[PDB]
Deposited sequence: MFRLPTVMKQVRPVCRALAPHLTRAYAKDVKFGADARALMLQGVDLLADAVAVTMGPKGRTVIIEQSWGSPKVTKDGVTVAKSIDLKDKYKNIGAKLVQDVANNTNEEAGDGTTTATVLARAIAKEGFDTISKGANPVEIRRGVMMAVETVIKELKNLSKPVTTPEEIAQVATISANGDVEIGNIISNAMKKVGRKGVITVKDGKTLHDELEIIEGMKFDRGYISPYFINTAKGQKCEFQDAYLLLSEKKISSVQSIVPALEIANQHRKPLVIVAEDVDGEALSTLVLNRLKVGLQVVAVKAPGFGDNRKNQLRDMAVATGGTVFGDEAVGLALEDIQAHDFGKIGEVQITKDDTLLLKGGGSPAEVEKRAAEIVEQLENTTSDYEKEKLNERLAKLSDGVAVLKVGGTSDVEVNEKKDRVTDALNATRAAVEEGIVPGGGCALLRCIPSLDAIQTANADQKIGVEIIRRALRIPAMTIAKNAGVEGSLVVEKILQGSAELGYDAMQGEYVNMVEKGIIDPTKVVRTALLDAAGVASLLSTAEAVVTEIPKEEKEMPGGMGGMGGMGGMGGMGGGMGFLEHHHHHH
């Protein structure tokens, strides 16, 4: 391990010699104060995107003036909402189609990247899958194998949603997926506290499944039967998101669940609890906008589907945090805000000066004319670079 100690010294003593004994913690503090100040200024320059027109304008310039892509995006955002669920699919027709189907999305991705089965976009895509819902963590082999056996003997992919999947249970899932191509994926349950348990129950109703380990039934995972699984017509899991389309739950059961949420909505004075109940109610009642891209051939629609997805993600990022001048002009215009920064040391000065000098570089390398970048993209680009 002499090699490991020697490498950490060259890195450590390399800073002290080059910087003439500067404090790295205070330099990092200078970078963080400058970055926070630039981002705060970025929120000032940003212009919101909420109106249907200015959404279409942003969506049009997001697709390089395709108009057809811009209008099919704004039309989807009209029928499903500014923050509604929109997904892109391959249409078998000549023109672009828009359809609203049953489904929902939540912000948790696959627990392991080995569950990837689609290199394009690094996603896990299944059709007609089983859904295993667990209110407790799944850590042991004994608690996950019976569910794998039933799914595998039915030749149905298996989506597992639990508080967490770790330990030997996760190792077993990765082993079978990698070694013998078992169609399986595991994701963490969204939310916290009772809201997490309620969201799990909502999935069971929407997909016709059962939640294991809940306080009510106390169903053991080793006693799983086939009908305990939920059913999903289509699954699409990325490293950040999970999309469940066309659940197997009957519309009557969905409606009774919406009635309980409506009852709780009139039984609380808390604004936060109402916010969570309304998010759950919308996930159950609202659908998913599906953009079916059409064209002349199967090779052309695949190329057009990508340009639609890229314009879709950029438009979604604009309705979130707004838009700023593109070409690096926004970062160049946040530089004078750094002169107001009150630091303590000369090392904090160095950190600010590093940001002050680097903000000109992206612009030096390069609204009504389409020269626009979304605020979210330019802000996260600065946080990750720093």
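A.B. asks: Counting from 1 along the deposited sequence, give me every gap where there's no C-alpha, start to finish.
C.D. replies: In the chain as deposited, 1 to 113, 480 to 513, 534 to 586 carry no coordinates.
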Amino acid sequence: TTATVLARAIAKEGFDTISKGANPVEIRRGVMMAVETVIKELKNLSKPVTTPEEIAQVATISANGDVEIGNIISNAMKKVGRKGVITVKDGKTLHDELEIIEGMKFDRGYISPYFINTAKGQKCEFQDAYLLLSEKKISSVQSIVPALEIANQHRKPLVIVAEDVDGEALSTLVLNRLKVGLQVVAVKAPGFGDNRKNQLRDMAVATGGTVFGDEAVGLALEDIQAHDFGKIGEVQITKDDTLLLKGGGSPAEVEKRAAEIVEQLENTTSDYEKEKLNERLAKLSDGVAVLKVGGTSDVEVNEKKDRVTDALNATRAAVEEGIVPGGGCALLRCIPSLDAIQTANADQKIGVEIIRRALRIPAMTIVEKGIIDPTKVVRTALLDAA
From here on, numbers count along this sequence of modelled residues.
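A.B. asks: Give the stretch, out of 175 to 183 and 217 to 225, with the larger mean C-alpha temperature factor in the deposited entry.
C.D. replies: 217 to 225 has the higher mean C-alpha B-factor.
A.B. asks: Between 242 to 250 and 85 to 93, which has the larger average Cα B-factor in the PDB entry?
C.D. replies: In the deposited entry, the stretch with the higher C-alpha B-factor mean is 85 to 93.
A.B. asks: At the C-alpha atoms, which of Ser139, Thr269, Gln127, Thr207 reaches the highest B-factor in this entry?
C.D. replies: The C-alpha B-factor peaks, among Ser139, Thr269, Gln127, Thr207, at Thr269.
A.B. asks: Of the three thirds of its chain by CA temperature factor, lowest, middle or highest, which one includes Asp166?
C.D. replies: Bottom third by C-alpha B-factor.
A.B. asks: Quick check on the deposited entry: does the C-alpha B-factor of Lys123 sit in the lowest, middle or highest third of its chain?
C.D. replies: For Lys123, the deposited C-alpha B-factor lands in the lowest third.
A.B. asks: Going by the CA temperature factor in the PDB record, which third of the chain does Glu275 belong to: lowest, middle or highest?
C.D. replies: For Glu275, whose C-alpha B-factor we compare with every modelled residue in the chain, the answer is the middle third.
A.B. asks: With respect to C-alpha B-factor, does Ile73 fall in the lowest, middle or highest third of the chain as deposited?
C.D. replies: Middle third - that is where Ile73 ends up once the chain's C-alpha B-factors are sorted.
A.B. asks: Could you tell me which third, lowest, middle or highest, the C-alpha B-factor of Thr296 occupies within its chain?
C.D. replies: For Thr296, whose C-alpha B-factor we compare with every modelled residue in the chain, the answer is the highest third.
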